Amino acid sequence: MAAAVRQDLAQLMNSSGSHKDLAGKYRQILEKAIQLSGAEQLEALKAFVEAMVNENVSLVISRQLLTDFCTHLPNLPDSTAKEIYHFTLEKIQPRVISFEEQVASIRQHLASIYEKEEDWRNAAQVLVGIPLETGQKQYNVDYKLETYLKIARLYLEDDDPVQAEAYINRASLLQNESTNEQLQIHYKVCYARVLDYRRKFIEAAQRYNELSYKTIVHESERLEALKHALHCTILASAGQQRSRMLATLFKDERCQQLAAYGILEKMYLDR
Amino acid sequence: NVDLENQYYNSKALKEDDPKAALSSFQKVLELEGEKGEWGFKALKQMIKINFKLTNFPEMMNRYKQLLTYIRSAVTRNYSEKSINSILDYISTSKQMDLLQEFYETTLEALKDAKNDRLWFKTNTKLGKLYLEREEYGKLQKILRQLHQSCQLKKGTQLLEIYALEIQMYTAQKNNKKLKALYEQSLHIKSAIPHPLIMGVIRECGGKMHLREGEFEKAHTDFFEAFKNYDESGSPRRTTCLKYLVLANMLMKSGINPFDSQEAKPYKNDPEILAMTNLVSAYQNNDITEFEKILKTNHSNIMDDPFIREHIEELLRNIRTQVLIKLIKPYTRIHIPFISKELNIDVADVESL
Amino acid sequence: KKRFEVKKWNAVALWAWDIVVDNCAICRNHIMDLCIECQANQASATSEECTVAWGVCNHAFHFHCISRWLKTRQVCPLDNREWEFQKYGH
Amino acid sequence: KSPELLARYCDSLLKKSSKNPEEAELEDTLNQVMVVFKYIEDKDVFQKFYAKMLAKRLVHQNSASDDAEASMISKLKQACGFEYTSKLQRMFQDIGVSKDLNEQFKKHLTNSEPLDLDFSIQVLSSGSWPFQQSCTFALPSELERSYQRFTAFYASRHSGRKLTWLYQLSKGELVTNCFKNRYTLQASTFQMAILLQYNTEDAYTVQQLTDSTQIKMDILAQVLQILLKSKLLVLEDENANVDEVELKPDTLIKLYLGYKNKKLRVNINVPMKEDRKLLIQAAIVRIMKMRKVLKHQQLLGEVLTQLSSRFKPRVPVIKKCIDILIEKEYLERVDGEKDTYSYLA
Ligand SMILES: [Zn+2]
Ligand SMILES: [Zn+2]
Ligand SMILES: [Zn+2]
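Chains as they are written, first to last, in PDB author numbering: chain D, 1 to 271; chain B, 29 to 180, 188 to 388; chain K, 19 to 108; chain J, 417 to 689, 705 to 776.
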């Protein structure tokens, strides 16, 4: 057993005084414990986050040390990162209001590695835990808008349209006063996908048609919007509304480039 | 003088679990208190509290008669009212009805001349509340007799408190006739500022009486007001006027989802109101298959109270009527047996409908 | 033990609804859309833009929906009381 | 200015002083105030400064005779109308609701693990009070647990409601265990946090306090100034006059161990401190010419459609515009309907 490091962790907590000089000493020890082969590496980091959330440590060096601790996790392999991320969230849970900033960054990191591993359900759940409304800190509007779109998109790929619609509803309250042009474009792409998933085909066709006229997006993305508009219009409910949209799509010159154009021209001529 | 504050603060600084030691230390306080001061009020409160812990019942009632001399002009009315409210509250948890009962009769003797109009009014109303929870309907009547000779406006707020008390009283007696008169008796007052729990009993009984009478457009707004006020202040009866609000909305020919307002949306997923929110979603966008299945599943949450089981026959007919109207819209000649299949009723009842 | 100990705290807070508004309870469409009637007829009027209208009860319907509803009835759809315009804008 | 003066009179009257007027004479002088009140031609402005005066009276629990407050608003409601006293009715009901809320919270505490401090909170309400969260603040480590506890109590009771705590208007009481004797001072949350920062060490620099409490510069400077006024924080140069001392983020301020104030109830929490109308009239007359007979609500909606897209006017201004245009005989009321206007040019 090699655990001759954990003893001085608690010893330094009960020192005469904690200052900036001692804070830099932890970097040297941490920089060598991280450079380790197996389970002996895990133990040092696990106790580091345990002995820091304690009340005995003042929340003036603890906050700085926690964000520095979390920033070294993306360099660590994700197999261990998943386990440690769950532990630190549980230990911060008793006192969350103090660390209302470190929690958000940790859950964003955890969700990023979950999505890359193709786990949409669990990645979405992690991002829900982030307090974006029921918190004392006022987040940036673009930050809340970006986070909501990620939750909605992950739910769409999970094939859970009911939950995705709820979070896209929260994201549509910030579009009107947001200033990020790219964020507005990104929202409408996700909103149109949500409508298509909810089998509201004619409404999604209108959104795709309008989105196809955006000069901001690339030419390749413009044709993708037109393709989705054509499929939704064909799949929509026949009537006065759908017939009017069918005429509009026929005028478009780019509609001839798709393999599903022959079906479009037959439904346009009441064939 | 500064010495008065220091003397009072020293006694509370010591836990002083040993009794009869602080009593000699309060004789100093009274001598030091020359004029009328707020510190004297606090001194009497603490010695009553300490003496009450180690029983010794004949002590508190003697100091209490001295205590009402402070409510006159020594301190404000908020402080004196809060002191009385706190003292009478936490002693009732220990049962000991006799000690509380002897206190009310003695306080009424001197308080009747110290603070006449408002403080006596609320103390009397609180006493009436005790009689209701112990179900002693043999002496509450004389209290309302006293309140009868109190108005003969500019006294609207006090009138609503007693009117709500009477409605809550006669409700347990199932006196529907007097409830209708009482509800109209409170409608004249329109310049009062009541607690948002008094305007949650006269309003609920207004919706209930409208339900029995046959009005469904007045019960909807009355039950919404009852739910709104019960939600702000209080708790238990909140998820009963919301269920009634839902029922009073489907009997009104529906339209507009009740669980779309800001107040009712959080409770749409409540385990107690899950039966009702499913009922509305089936009623609107009429479909019989889902509506009947909900009724069959829940015999423990819907067909229990008289207010839903009696009005379940007005429903299951409005939805069938609306299905019938929409179905026969495009047809010009349609078979009655075909209608029977689409309504899940026999041929004879379709002709009657 | 501790040098300074807190004994009493008298805080002040402000309660607000978590969701200010999420649906127009007349056309059942979302707040940011074109009020259903003005959705199917996608031509103009969107210039006026279906900016929401807040009543005294703070219920926030679409202006097109509430104005169309007010032509015959003078009661709010939800609370069934008198409707009075209080705010207009996003 | 006269309305303001009358309202400040009202403020004294109801607020609180060393002598409390009897309930009999308290309504007597209130009746005299209403005698002159109806003579006041303009009623809208009176509510403007009465709202903030009342809010400060109630949020600090400095009000006297809260029963008289209920009757005072009751007299006002029948004078001008519901709409004129709707906002003030919300303020009074919030105080009553939160007072009941505190009683239930205390009972909930006993059945679970008790707290370490006496906690009371006024919940107020959003949209009806002039207050707003304006100063960022870091919650002290000692006032967090109770915080969380109350949030739980406000999540089981009320669902779908979010609390926005206002540390600027929150006070408290702080005991001491290191002075010559046992003291009990009263201070705001900011002063409490600053004084609790010194719990583990002796001296801190100004920047070391700014980065630990996250209070903004101006409020932090004011709080340090008032704390220095109470001679609780002593600078290195005692002989320098405190008022003219220029504060920089380098002074090493230390807690005054030898504090020996005679009074044991030191209170350091002492308080500090036309063109559009023509446009609305033009819009109203144009709408009235276009629609010969209209209702009040439809006219308000049309005015909001045509004109509110520019500067978002206030509804009472539009109502006053309607009234003055009625006085100018530009549009007349129609008998048989209380709210109906006809464009009579
Ligand atoms: Zn709408
Ligand atoms: Zn529209
Ligand atoms: Zn309403």
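Backbone N, C-alpha and C fix where the C-beta goes; we use that ideal spot for every residue, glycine too.
Exposure of residue i, with buried meaning 16 or more beta-carbon neighbours within 10 Å
{"i": "K:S62", "result": "exposed"}
{"i": "B:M204", "result": "buried"}
{"i": "J:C594", "result": "exposed"}
{"i": "J:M507", "result": "buried"}
{"i": "B:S120", "result": "exposed"}
{"i": "B:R273", "result": "buried"}
{"i": "B:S221", "result": "buried"}
{"i": "J:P687", "result": "exposed"}
{"i": "J:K632", "result": "exposed"}
{"i": "D:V60", "result": "buried"}
{"i": "B:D31", "result": "exposed"}
{"i": "J:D482", "result": "buried"}
{"i": "K:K89", "result": "exposed"}
{"i": "K:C68", "result": "buried"}
{"i": "J:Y620", "result": "buried"}
{"i": "D:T88", "result": "buried"}
{"i": "J:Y425", "result": "exposed"}
{"i": "B:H223", "result": "exposed"}
Pair within 9 Å by beta-carbon distance, residue i and residue j
{"i": "B:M234", "j": "B:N264", "result": "yes"}
{"i": "B:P47", "j": "B:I78", "result": "yes"}
{"i": "B:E44", "j": "K:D97", "result": "no"}
{"i": "K:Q57", "j": "D:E203", "result": "yes"}
{"i": "J:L531", "j": "J:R573", "result": "no"}
{"i": "J:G588", "j": "J:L559", "result": "yes"}
{"i": "K:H82", "j": "K:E102", "result": "no"}
{"i": "J:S550", "j": "K:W33", "result": "no"}
{"i": "J:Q564", "j": "D:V96", "result": "yes"}
{"i": "B:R105", "j": "B:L155", "result": "no"}
{"i": "K:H77", "j": "K:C45", "result": "no"}
{"i": "B:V236", "j": "B:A199", "result": "yes"}
{"i": "D:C190", "j": "D:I216", "result": "no"}
{"i": "B:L232", "j": "B:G269", "result": "yes"}
{"i": "D:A259", "j": "D:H228", "result": "no"}
{"i": "B:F69", "j": "B:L127", "result": "no"}
beta-carbon residue i near ligand 3 non-hydrogen atom, thresh 8 Å
{"i": "B:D266", "result": "no"}
{"i": "B:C240", "result": "no"}
{"i": "K:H77", "result": "yes"}
{"i": "K:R99", "result": "yes"}
{"i": "K:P95", "result": "yes"}
{"i": "B:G62", "result": "no"}
{"i": "K:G73", "result": "yes"}
Residue i: CB within 8 Å of a non-hydrogen atom of ligand 2
{"i": "K:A63", "result": "yes"}
{"i": "K:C68", "result": "yes"}
{"i": "residue 3 of chain K", "result": "This structure leaves residue 3 of chain K out entirely; chain K is present only between 19 and 108."}
The segment 52-65 of chain D: positions lying closer than 8 Å to chain J by Cβ: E55, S58, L59 and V60
Interfacial residues, the segment 122-139 of chain D to chain J, with Cβ spacing under 7 Å: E133, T134 and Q136
Members of the segment 14-36 of chain D near chain K, C-beta cut-off 9 Å: Hits within the stretch: zero.
Interface positions of the segment 527-541 of chain J facing chain K (Cβ-Cβ less than 9 Å), listed along the chain: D532, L533, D534, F535, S536, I537, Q538, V539, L540 and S541
Shell residues, 5 Å Cβ cut-off relative to heavy atoms of ligand 1: The set of residues with any CB-heavy atom separation to ligand 1 below 5 Å comprises, in chain order, K:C42, K:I44, K:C45, K:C53, K:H80 and K:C83.
Under 9 Å (Cβ pairs) to chain J, residues found in the segment 199-214 of chain B: none
Members of the segment 31-63 of chain K near chain D, C-beta cut-off 7 Å: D36, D40, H48, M50, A58 and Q60
Contacting positions in the segment 87-103 of chain D - beta carbon closer than 7 Å to chain J: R95, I97 and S98
Chain B contacts made by the segment 68-84 of chain K, where a contact means CB separation under 9 Å: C75, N76, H77 and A78
Short-range partners of chain J found in the segment 259-292 of chain B, where Cβ spacing is below 8 Å: Those residues of the segment 259-292 of chain B that come within reach of chain J (Cβ to Cβ, closer than 8 Å) are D266, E267, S268, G269 and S270.
Interfacial residues, the segment 135-148 of chain B to chain J, with Cβ spacing under 9 Å: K143, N144, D145, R146 and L147
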